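# this is the structure alone, sequence omitted:
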Ligand SMILES: CNc1nc2c(cc(C(=O)N(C3CC3)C3CC3)n2C[C@H](O)CO)c2c1ncn2C
């Protein structure tokens, strides 16, 4: 549906970036402070290219109905289009994990992993490529439910191809990128699987700053390397089977899933359905 901007009461900025921002608002049409708290995404600097990219993003989210995908609530028109989503009270999985390290066990991490795989399998069914799987893009509804919380880089596959070539201006999250995304700008369900492997790594490191993917790769590449060279050196490291280490305390069977996601050969990477089965099997064994 449509939301009138005049009844959208700003409460707090939730997160930013060069694209725009996400705000916590209260949609109070009766002006009696009984309206619901919603999350509002807006474009900070909007070209006609950015406006059209954001229109596709809204259509993509509107088309998704799944327990592990943040709910689309509507749009807001002024010139300045806004995407209205449900408010998830625990924020990103990155921040929630980091704050409750001592209360979240491996069985709990695997419950979240399984939800991410299920939400991602639903995406693939619509031929959508997320392109930005990271714990900062996963939101926490409650202690038992996580949801893919942003679709800013999501692309629809062409009808004739299993990949999508795209080189966006700006800073790309290169330490989550599959080798073929770095070398050829090719994005597919298989590069989403590679990035999912990195999400799995992030979870089992409990978001330790020293143990983060930029920190680990930047150490393996050498902090003396800078600029466009980092990309070149990362490509070479990946090409020579250089990988993120097994996180402290991580079981071998969980690191095995990560390394299987990090296959150089695109076609050898597991599917999200197989990842979900495997994760479920492991958490049943643990329980
Ligand atoms: C607290 N609840 C919510 N916080 C949100 C968002 C979206 C972001 C956010 O800024 N981004 C994330 C999508 C990836 C990013 C800018 C796009 N943040 C910040 C986050 O809490 C950091 O802990 C959200 C929330 N509820 C529903 N949504 C959509």
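Received it, and whenever you're ready, just let me know what you need. Numbering: from 1, shown residues only.

# contacts and neighbour counts: CA atoms only from here.
Fine.

# would you map out the domains in this structure?
Split into domains by curated CATH domains, the chain comes to 1-87, 88-284.

# from those domains, which stretch is densest packed?
domain 88-284 (a mean of 18; mean count of other C-alpha atoms under 10 Å).

# up against the ligand, what does the stretch 101-250 of the chain have?
136-137, 149-150 (C-alpha under 6 Å from any ligand atom).

# tabulate those residues (CSV), appending secondary structure.
Output for these, formatted as CSV (DSSP: H, G, I helix; E, B strand; the rest coil):
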residue, secondary structure
136, helix
137, helix
149, coil
150, coil
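
# nearest to residue 51, of those residues?
Nearest to residue 51 among those: residue 150, at 16.5 Å, using C-alpha to C-alpha.

# ok, and the closest non-adjacent residue to the closest one?
residue 137 (5.8 Å; C-alpha to C-alpha, 6 or more residues apart in numbering).

# which element is residue 14 on?
In this structure, residue 14 is located in strand 8-15 according to DSSP states H and E.

# got the contact list for residue 147?
67-70, 115-116, 119, 138-141 (C-alpha atoms under 8 Å, 6 or more residues apart in numbering).

# separation between it and residue 136?
11 Å (C-alpha to C-alpha, to the nearest Å).

# what segments of this protein are strands?
For the chain, the strands defined by DSSP state E occupy 8-15, 20-27, 36-43, 72-76, 82-86, 128-129, 138-142, 145-148, 155-156, 164-165, 186-187.

# what residues does the longest helix anywhere in the chain touch?
What stands out as the longest helix in the chain, according to DSSP state H, is helix 106-125. Helix 106-125 has contacts (C-alpha under 8 Å, 6+ apart) with 64, 66-69, 129-130, 144-148, 189, 200, 203-204, 272-273, 275-276, 279-280, 283, 286-287.
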